[PDB]
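Note sheet for the following structure.
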Amino acid sequence: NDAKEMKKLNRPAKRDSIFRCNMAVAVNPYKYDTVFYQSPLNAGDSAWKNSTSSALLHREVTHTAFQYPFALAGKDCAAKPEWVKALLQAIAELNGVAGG
RNA sequence: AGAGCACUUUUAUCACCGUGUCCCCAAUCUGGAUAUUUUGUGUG
């Protein structure tokens with residue numbers, strides 16, 4: 001790494017951690033819901049394969065909020081106040097967080 | 001600054017298709033709210 005680090009002359013940033021965050025939890029229990037699933041075969045004549053069959057399956061969903069602690073820390077994040085402000089604005093504009 | 005906690009749960013999909021709760025039936029048969037009772041008493 002960095003030609004054995006003398007040319008870098010900087011910290012390798014190995015473990016510098018900023019914006020520590022926790023993991024979200026729901027507010028309501030789970031009551032074993034189910035929604036059906038069809039997935040028909042792609043074609044009966046296509047060159048592209050058809051998985052040899054078509055099978056129906058199940059899913060489960062629920063409606064629930066998600067409380068969340070933030071845990072922002074560090075008095076050293078003053079080098080780039082613009083970056084901090086942009087990050088806070090992006091957090092305020094959170095959307096599509098889970099790649100479901 | 002805690003035996004240094006990142007790099008991944010990811011990308012698509014109609015439970016679809018047809019179907020008269022139908023066909024007859026009486027709440028029917030009789031019964032005196034009847035028997036007595038003064039709005040009486042006097043005024044230019």
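Lettering and numbering for the structure tokens are positional, with chains as A, B, ... in the shown order, residues counted from 1 in each chain, and ligands counted from 1 in the shown order.
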Expected answer as a VMD selection string: chain B residues within 12 Å of chain A, only C-alpha atoms (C1' of nucleotides): chain B and resid 1 4 to 6 8 to 16
Backbone DSSP call of strand (DSSP E) for chain A, listed as a list in words: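 The strand (DSSP E) subset of chain A is residues 25, 26, 35, 36, 37, 57, 58, 59, 66 and 67 of chain A.
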Members of chain A assigned helix (DSSP H, G or I) by DSSP, as a PyMOL selection string: chain A and resi 2-4+81-92
Near-residue 75 (chain A) list (12 Å; only C-alpha atoms (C1' of nucleotides); drop same-chain fewer than 4 positions) as a PyMOL selection string: chain A and resi 18-19+79+81+84
Gap from CA of residue 60 (chain A) to CA of residue 26 (chain A) - Å, one decimal: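 Separating CA of residue 60 (chain A) from CA of residue 26 (chain A) is a distance of 15.3 Å.
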CA of residue 57 (chain A) to CA of residue 98 (chain A), distance in Å rounded to a single decimal: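 Atom-to-atom, CA of residue 57 (chain A) to CA of residue 98 (chain A), that is 22.8 Å.
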Selection: 10 Å around residue 68 (chain A), only C-alpha atoms (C1' of nucleotides), excl. self and same-chain fewer than 3 positions, as a ChimeraX atom specification: /A:21-26,65,71
Take the selection from the previous step and output its residues with N, CA, C and O atoms, as a compact mmCIF listing (two decimals), in the first residue's frame.
```txt
# COMPACT_ATOMS: atom_id res chain seq x y z
N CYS A 21 -23.62 4.89 13.36
CA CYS A 21 -25.07 4.78 13.29
C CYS A 21 -25.50 3.41 13.79
O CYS A 21 -24.76 2.43 13.70
N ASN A 22 -26.72 3.36 14.32
CA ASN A 22 -27.31 2.14 14.82
C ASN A 22 -28.22 1.54 13.75
O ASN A 22 -28.25 1.98 12.60
N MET A 23 -28.97 0.51 14.13
CA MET A 23 -29.79 -0.27 13.22
C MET A 23 -31.26 -0.14 13.60
O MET A 23 -31.62 -0.22 14.78
N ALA A 24 -32.11 0.07 12.59
CA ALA A 24 -33.50 0.43 12.84
C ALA A 24 -34.32 -0.77 13.29
O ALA A 24 -34.04 -1.92 12.94
N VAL A 25 -35.35 -0.49 14.09
CA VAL A 25 -36.25 -1.50 14.63
C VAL A 25 -37.68 -1.06 14.36
O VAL A 25 -37.97 0.14 14.25
N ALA A 26 -38.59 -2.03 14.23
CA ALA A 26 -39.99 -1.74 13.99
C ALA A 26 -40.70 -1.38 15.30
O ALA A 26 -40.13 -1.45 16.39
N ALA A 65 -43.98 1.51 11.29
CA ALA A 65 -43.00 2.58 11.31
C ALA A 65 -41.63 2.02 11.71
O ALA A 65 -41.47 0.82 11.95
N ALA A 71 -26.88 9.05 16.60
CA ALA A 71 -25.54 8.82 17.15
C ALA A 71 -24.45 9.52 16.34
O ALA A 71 -23.42 8.95 16.00
```
A:6, A:97, A:61, A:47 ranked by distance to residue 32 (chain A), top pick (using only C-alpha atoms):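 Smallest distance to residue 32 (chain A) is found for A:61.
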